[PDB]
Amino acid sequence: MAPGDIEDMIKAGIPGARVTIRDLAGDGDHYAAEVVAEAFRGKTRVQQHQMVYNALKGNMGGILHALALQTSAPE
């Protein structure tokens, strides 16, 4: 996945989301993502994270450990 592809996939799959991606260790391998989306309001963190995994569509190997997640509804 090229730089920016994680963010692109999240925003395509969760329309309206605000996404902040940081590359842990600058390593091109493990990342952290913050995703803020109205569709998350009232959902649990487990339910919100499920929506993010869905948006990546299996394109990121090892996503369970390789994409550390923070999610919320807009403030």
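One rule holds for the numbers: they count along the sequence shown, beginning at 1.
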*Select lowest, middle or highest to describe the third in which the CA B-factor of residue 37 falls within its chain in this entry.*
middle
*CA B-factor ranking of residue 14, expressed as a third of its chain*: middle
_Please say which third, lowest, middle or highest, residue 51 falls into when its CA temperature factor is compared across its chain._
lowest
_Ranked against its chain, the third holding the CA B-factor of residue 60_ = highest
